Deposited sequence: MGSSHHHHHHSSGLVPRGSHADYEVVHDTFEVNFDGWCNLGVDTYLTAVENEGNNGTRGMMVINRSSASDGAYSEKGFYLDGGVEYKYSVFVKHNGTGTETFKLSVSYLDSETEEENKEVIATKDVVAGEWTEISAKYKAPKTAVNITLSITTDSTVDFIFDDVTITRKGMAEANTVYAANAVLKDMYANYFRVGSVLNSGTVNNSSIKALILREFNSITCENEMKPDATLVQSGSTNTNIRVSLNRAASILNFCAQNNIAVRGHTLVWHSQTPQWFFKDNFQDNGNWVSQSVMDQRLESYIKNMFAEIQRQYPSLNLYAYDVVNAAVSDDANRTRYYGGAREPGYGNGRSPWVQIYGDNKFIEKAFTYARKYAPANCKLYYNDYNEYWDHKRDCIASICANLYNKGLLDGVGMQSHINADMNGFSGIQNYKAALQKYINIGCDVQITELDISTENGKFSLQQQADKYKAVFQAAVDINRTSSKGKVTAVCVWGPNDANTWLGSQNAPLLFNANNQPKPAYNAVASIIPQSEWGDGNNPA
């Protein structure tokens, strides 16, 4: 050993550590860790395989030998056998491996180090450490140690006096060293691509109408990285017709059950929102959760629905239909969601209504009407403009339409965030300079709002992915600021030229 890449001392957060086993419970407790410091208790284990795990792919590379060390303690009777296991996904064979790397006998009531050296295959990713015993005993652990032998020309700094500049992390991108360096260098906001959606956070087993179980396990390594590096997080998303398990809307908590009543759904909705915010605060209190998309994409693209049905999607599940409309009949669930979120959200977490095609007249007018109403009721802080646009200065998402919409939302009096900006080349139909021109147009439009008007502000501009190898549109649409090799594109240098150097600030402390 020689160089330390991880040291988890649960002094503030849960440090990326997660319950292994659906009913296992983790709780970090002052004074009860190692050397009288804060430690992680693991309780309610009901078999030997239950315990705790942490995905360390942000820190650990395949092919490198690491010394893993953990201090453990139990308060059972006699000796307990602790085990450290390392698991990983082999990125070539697509196959997972798991191995006990250390076994250690631990007497009751004594802090004991368990450690071993382990080198994963060079193709290993998602390197994950876990701690169990050969029993169901409660334990405490601490000091997870893993060892090995004004103002810069970066987006966050350039825009420091204007807005946060954000990107997106997901379960795969966590492991990419190059992406990690990129995020640390350029971006002061992160949204989880999928890991905070209801289907990633809802826990079916043991959920009841008034106590919906949630888990941050899918998002833990991202929240932990952001909290540790002073990167603010936008929560995404509390309510959406998509990526939400069908069972959440059914009487027996099964996909195949009967649709619940509105009053049962109100309980489940409030419980989910309440427990999401409670868990974020419990596990990652030092995280700057600066925004949350409370309701996502509830307005129909169909002009007939915006005209005659208050913008409600068609009721149902899948094909763009809404299980929320299925239960509530109506977009009435939107105000309910904001009401609950307002009750449970931290004071500094700004509440957003988030939507795409938000510059399309019929849809834009409907979005603006919903948000104006929520805003004036004190329930909403801003409109999220998803900005899934193409590289054309003209047309459907052209600069004229885009600015009209930006201005119209700003004119409500609320703030705006550009939340999921990507700029499709449409399979090579558009040039990279055309793309650069759209990016610059969008960033300039937001800068103009902030220098003008003033009342409402653009408080974040976020792109939906880090580079072209990691976009939900497919790489053939080459939609982002960095290419597949993580090199800056013409769009990056165009966006990097909008703010004069005299105006750059501390991106880690934006205005």
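Engineer: No C-alpha coordinates anywhere in a stretch? Then put that deposited-sequence range on the list, in order along the chain.
Structural biologist: Those parts of the chain that were deposited but carry no coordinates are 1-20, 170-178.
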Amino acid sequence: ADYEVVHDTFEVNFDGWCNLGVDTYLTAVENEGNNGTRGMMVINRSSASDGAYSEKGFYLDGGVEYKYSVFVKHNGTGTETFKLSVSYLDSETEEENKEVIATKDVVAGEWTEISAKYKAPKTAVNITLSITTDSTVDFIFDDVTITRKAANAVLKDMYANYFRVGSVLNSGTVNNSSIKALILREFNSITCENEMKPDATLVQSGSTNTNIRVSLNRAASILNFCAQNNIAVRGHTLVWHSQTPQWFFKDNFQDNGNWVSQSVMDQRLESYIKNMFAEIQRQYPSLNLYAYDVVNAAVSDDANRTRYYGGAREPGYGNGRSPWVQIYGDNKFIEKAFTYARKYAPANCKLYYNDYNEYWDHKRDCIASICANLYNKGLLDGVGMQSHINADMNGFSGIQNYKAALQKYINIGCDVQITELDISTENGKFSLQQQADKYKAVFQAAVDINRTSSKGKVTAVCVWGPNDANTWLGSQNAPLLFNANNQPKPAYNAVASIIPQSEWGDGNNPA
From here on, numbers count along this sequence of modelled residues.
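Engineer: Hey, which bit's got the bigger mean C-alpha B factor in the entry, 89-97 or 255-263?
Structural biologist: Looking at the recorded C-alpha B-factors, 89-97 comes out higher on average.
Engineer: Which is higher on mean Cα B factor in this entry, 75-83 or 225-233?
Structural biologist: The recorded data point to 75-83.
Engineer: From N390, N319, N427, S286, which pick has the Cα B-factor that tops the rest in the entry?
Structural biologist: Checking the PDB record, the top C-alpha B-factor among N390, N319, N427, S286 is at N319.
Engineer: Per the entry's Cα B factor values, which of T208, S215, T419, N175 stands out as the maximum?
Structural biologist: Top of the list by C-alpha B-factor: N175.
Engineer: Taking the C-alpha B-factors as the PDB entry records them, is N485 in the lowest, middle or highest third of its chain?
Structural biologist: Highest third - that is where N485 ends up once the chain's C-alpha B-factors are sorted.
Engineer: Please say which third, lowest, middle or highest, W17 falls into when its CA temperature factor is compared across its chain.
Structural biologist: According to the entry, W17 has a C-alpha B-factor in the chain's lowest third.
Engineer: Quick one: classify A291 as lowest, middle or highest third of the chain based on its Cα B-factor.
Structural biologist: For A291, whose C-alpha B-factor we compare with every modelled residue in the chain, the answer is the middle third.
Engineer: What third of its chain's C-alpha B-factors does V5 belong to: lowest, middle or highest?
Structural biologist: Within its chain, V5 is a middle-third residue by C-alpha B-factor, going by the deposited values.
Engineer: Would you please rank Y118 by its C-alpha temperature factor against the other modelled residues of its chain and give the third it falls in: lowest, middle or highest?
Structural biologist: Highest third, going by the recorded CA B-factors of the chain.
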